[PDB]
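Only one structure is covered here, and it is reproduced in the block below.
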Amino acid sequence: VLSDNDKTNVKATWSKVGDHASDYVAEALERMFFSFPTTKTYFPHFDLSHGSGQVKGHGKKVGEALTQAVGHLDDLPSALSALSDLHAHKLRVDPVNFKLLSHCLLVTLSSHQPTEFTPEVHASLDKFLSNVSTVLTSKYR
Amino acid sequence: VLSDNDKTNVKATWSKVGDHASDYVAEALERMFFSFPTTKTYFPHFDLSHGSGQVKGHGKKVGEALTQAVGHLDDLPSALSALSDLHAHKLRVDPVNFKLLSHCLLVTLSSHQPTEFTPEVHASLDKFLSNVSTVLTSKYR
Amino acid sequence: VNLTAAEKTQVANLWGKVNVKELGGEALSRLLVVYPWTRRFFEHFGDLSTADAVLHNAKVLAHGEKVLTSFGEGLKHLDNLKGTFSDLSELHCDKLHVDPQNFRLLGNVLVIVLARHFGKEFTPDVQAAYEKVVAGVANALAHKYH
Amino acid sequence: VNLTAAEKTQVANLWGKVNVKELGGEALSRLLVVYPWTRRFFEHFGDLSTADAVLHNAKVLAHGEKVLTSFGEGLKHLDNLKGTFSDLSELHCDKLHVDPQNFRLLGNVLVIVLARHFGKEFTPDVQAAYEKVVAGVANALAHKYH
Ligand code: HEM
Ligand code: HEM
Ligand code: HEM
Ligand code: HEM
């Protein structure tokens, strides 16, 4: 997110996630569905059990969007425009739920890369996920 | 706030507040202190009883900043820069408290200008006060 | 959400002047206009595509009267809100999956509607008594999520 | 925040491996680094001016061990959290005036610290049991504000 230091930290952290992005984001979605069952009601059309092809496919897509965001930190509104329309206009996702998914992404990363997940990395990634969530809810007009 | 329609609505509403700004903002502060007593701990140096000169003076200053914001909707980060430093860096105001003050400003306006306070005016003013609050907490880095 | 005797009394005097049809329709319509994601829960009520559609939706207006009647049941049972709202909490949590933060948003809109209708009578002291009431109702409605 | 028998058991097995000094210091320091306004409540602990100052603040680290010990008291009394946290709720509400939303933030950081230390053992199922625990503790700590 916005600051130069936070941008450096997020790009570093995301580079170390690297090819694990799709697996870590599927895991974060599972953690969200398990811990915060209200969030499952957005995915009645999915099998949400463990090992779900639908959850793994969707984790890949969400991870790709996060990777695009990490590459476009100065123009997230444009880079994420279609997704802002989808989440705010079409799906009407409650803003609280972005906090839940962000928290589960932090949990997932902390679990898998604990030495890398310092307090400074946690603060910078939290600010990134808040900035992405703000853009995705921007059409709340 | 950002959208053209919301900007028009906020400027209209604030023009009708006009010279009542200082009184309405002092009233909103009193409503906040009375309804949400946790907020009083930011003003131990003030007399917070009704009729307080300190609360009336501060309401004038907060209303002036709101009037400046209504005139600078395309550059709130710059217009409010010093105030962002003050609230986030120096005073360390909890982001929840901006929601409380914003709510009490809406209550105050709805009470005093009820015919003017339509659902569309309420949505646009809510978005303005959220944008001002976001700028005032922007240094949460 | 424990009320002084003076606050219990302020709550009742104003409530006896509330038109539950008009204010209930206004509170639920303002919730969907101001916080649009809340429209998700009501899509079965027909057109909510724009603020104008929300404001003219007969079912949203009718449902709002039911909601304010239910708040009135809380306001009149202030020592057993958990009990009063037990079954509704289960409906909102277990069947409707409404995030409980939204109960706070509806309370905020209801306080603003009361202020709009009561003007100068909705004093800072009267407001503070209602803030305790709405917070109590939200907490009680959230209970079967806790 | 009602736990399955399997969840009660998962909670205990992991808790028996928690170093309360190391993890408590880490949880409170991460709260002040990640959510800087929370430093306001601790300014009497000395230098909090930068993240590095927070991370080296001996009093923040020592206080964090007290906080995690207190969470442990909740985790071991899951059927009377309100009772366990009654006096602390009064301290946090009446004397410290900490907004109760911050209790949720500290729970979020604590879950992240557990994940950091337990790795693959902190499974989605184990996490979900802890989320119920921290939510319960926050609710109980908020009670004497309700
Ligand atoms: C960091 C935050 C998020 C990101 C980056 C994100 C990204 C995405 C992307 C890229 C898609 C399109 C997938 C595709 O093209 O097939 C999508 C769809 C979707 N998102 Fe999100 N999302 C986020 C948060 C959320 C949250 C919090 C919810 C609800 C709890 C949610 C619910 C959905 C749903 C229901 C779909 C449609 C999925 C389908 O039918 O396949 N999103 N999201
Ligand atoms: C719309 C949101 C707000 C606006 C526009 C705003 C504006 C201002 C302004 C203009 C001042 C400087 C006054 C002066 O120069 O004397 C100020 C100071 C201050 N603000 Fe805010 N404020 C906002 C929200 C809040 C909130 C939510 C809190 C805490 C609950 C708060 C606490 C304070 C305090 C403690 C001071 C110092 C007052 C003094 O010592 O005289 N502000 N604010
Ligand atoms: C916090 C105060 C609230 C109160 C007192 C309340 C009360 C009620 C009542 C009395 C009913 C009808 C129950 C029945 O006839 O079985 C109901 C239903 C419902 N509530 Fe709420 N409610 C509250 C908040 C909310 C919020 C914030 C939402 C969503 C944003 C929501 C969504 C619904 C939905 C979707 C229904 C079913 C509507 C239908 O299909 O007819 N409620 N509520
Ligand atoms: C939600 C879980 C929390 C638990 C279990 C908890 C527990 C405790 C305990 C056990 C004490 C020491 C009480 C005593 O010795 O009398 C304490 C004190 C304190 N707590 Fe918390 N606390 C929580 C959250 C928070 C949060 C979120 C904040 C502020 C952001 C906060 C601010 C304080 C402060 C300022 C003290 C007094 C410190 C001193 O001067 O020594 N607490 N808490």
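Every read-out reported here was derived from the displayed coordinates using simple, explicitly stated rules and does not represent laboratory data. Here the Cβ is made from the backbone with ideal geometry for all residues, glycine too, and neighbour counts use every protein chain on show.
Conditions (1) under 19 Å from residue A:93 (Cβ atoms); (2) polar (S, T, N, Q), marked per residue:
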{"position": "C:14", "(1), (2)": "no, no"}
{"position": "C:21", "(1), (2)": "no, no"}
{"position": "C:26", "(1), (2)": "no, no"}
{"position": "C:29", "(1), (2)": "no, yes"}
{"position": "C:33", "(1), (2)": "yes, no"}
{"position": "C:39", "(1), (2)": "yes, no"}
{"position": "C:46", "(1), (2)": "no, no"}
{"position": "C:52", "(1), (2)": "no, no"}
{"position": "C:56", "(1), (2)": "no, no"}
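Of everything listed in (1) touching a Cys at 6+ places or on another chain (Cβ under 7 Å); (2) within 16 Å of ligand 2 (Cβ to nearest atom), the single unmet condition for residue D:145 is (2).
Could you please let me know if residue B:88 is away from ligand 1 (no atom under 16 Å from the Cβ), among the aliphatic types (A, V, I, L, M) and under 30 Å from residue C:52 (Cβ atoms)? Answer is no for this residue.
Quick one: which helices (runs of 4 or more DSSP H) lie wholly within segment A:2-78 and hold at least 2 residues that are free of Cβ contacts under 8 Å to residues at least 40 places away in the same chain, more than 13 Å from chain D (Cβ to nearest Cβ) and closer than 26 Å to residue D:128 by Cα? Please lay out each step first, then the result.
Numbers: elements: A:4-17, A:21-35, A:53-70.
Per the criteria, A:53-70.
With respect to residue B:138, is the statement that it is closer than 28 Å to residue B:19 by Cβ and hydroxyl-bearing (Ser, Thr, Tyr) true? When the stated conditions are applied, residue B:138 does not pass them. Within segment B:48-71, the set of residues being exposed (fewer than 13 other Cβ atoms within 10 Å of the Cβ), more than 10 Å from ligand 2 (Cβ to nearest atom) and not polar (S, T, N, Q) comprises B:50, B:51, B:53, B:71.
Got at least one residue in segment C:56-67 being within 16 Å of ligand 1 (Cβ to nearest atom) and within 29 Å of residue A:42 (Cβ to Cβ)?
First, pick out the residues of segment C:56-67 that are within 16 Å of ligand 1 (Cβ to nearest atom): none.
No, because not a single residue in segment C:56-67 is within 16 Å of ligand 1 (Cβ to nearest atom) and within 29 Å of residue A:42 (Cβ to Cβ).
Hey, does segment B:93-112 have a residue that's assigned to a loop (DSSP other than H, G, I, E, B) and surrounded by fewer than 20 Cβ atoms within 10 Å (Cβ to Cβ)? Talk me through it step by step, then tell me what you get.
Within segment B:93-112, the first condition is being assigned to a loop (DSSP other than H, G, I, E, B), and the residues that meet it are B:93-94.
Checking the rest, the ones that are also surrounded by fewer than 20 Cβ atoms within 10 Å (Cβ to Cβ) come to none.
No, that holds for no residue.
Screening segment B:79-102 for residues that are within 25 Å of residue B:5 (Cβ to Cβ) and away from chain D (no Cβ under 14 Å) and picking the one that is farthest from ligand 4 (Cβ to nearest atom) gives B:79.
Yes or no: segment C:30-40 includes at least one residue that is hydroxyl-bearing (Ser, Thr, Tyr) and free of Cβ contacts under 8 Å to residues at least 60 places away in the same chain.
Looking only at segment C:30-40, we keep the residues that are hydroxyl-bearing (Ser, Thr, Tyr), and these are C:35, C:38.
From what is left, the residues that are free of Cβ contacts under 8 Å to residues at least 60 places away in the same chain are none.
No, segment C:30-40 contains no residue that is hydroxyl-bearing (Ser, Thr, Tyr) and free of Cβ contacts under 8 Å to residues at least 60 places away in the same chain.
Considered as a group, the residues in segment A:1-31 that are touching a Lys or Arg at 6+ places or on another chain (Cβ under 7 Å) and buried (at least 20 other Cβ atoms within 10 Å of the Cβ) include one that is nearest to residue D:132 (Cα to Cα), and that residue is A:26. Restrict the check to segment C:94-107 and report whether at least one residue is in a helix (DSSP H, G or I), within 14 Å of chain B (Cβ to nearest Cβ) and free of Cβ contacts under 8 Å to residues at least 12 places away in the same chain. Yes, that holds for at least one residue.
Selection of first residues in segment B:129-141 that are more than 14 Å from residue D:35 (Cβ to Cβ) and away from chain A (no Cβ under 12 Å) and of second residues that are part of a loop (DSSP other than H, G, I, E, B) and more than 16 Å from ligand 1 (Cβ to nearest atom), restricted to Cβ pairs under 6 Å at least 6 apart or on distinct chains, gives the following pairs, ordered by first then second residue: B:135/B:80.
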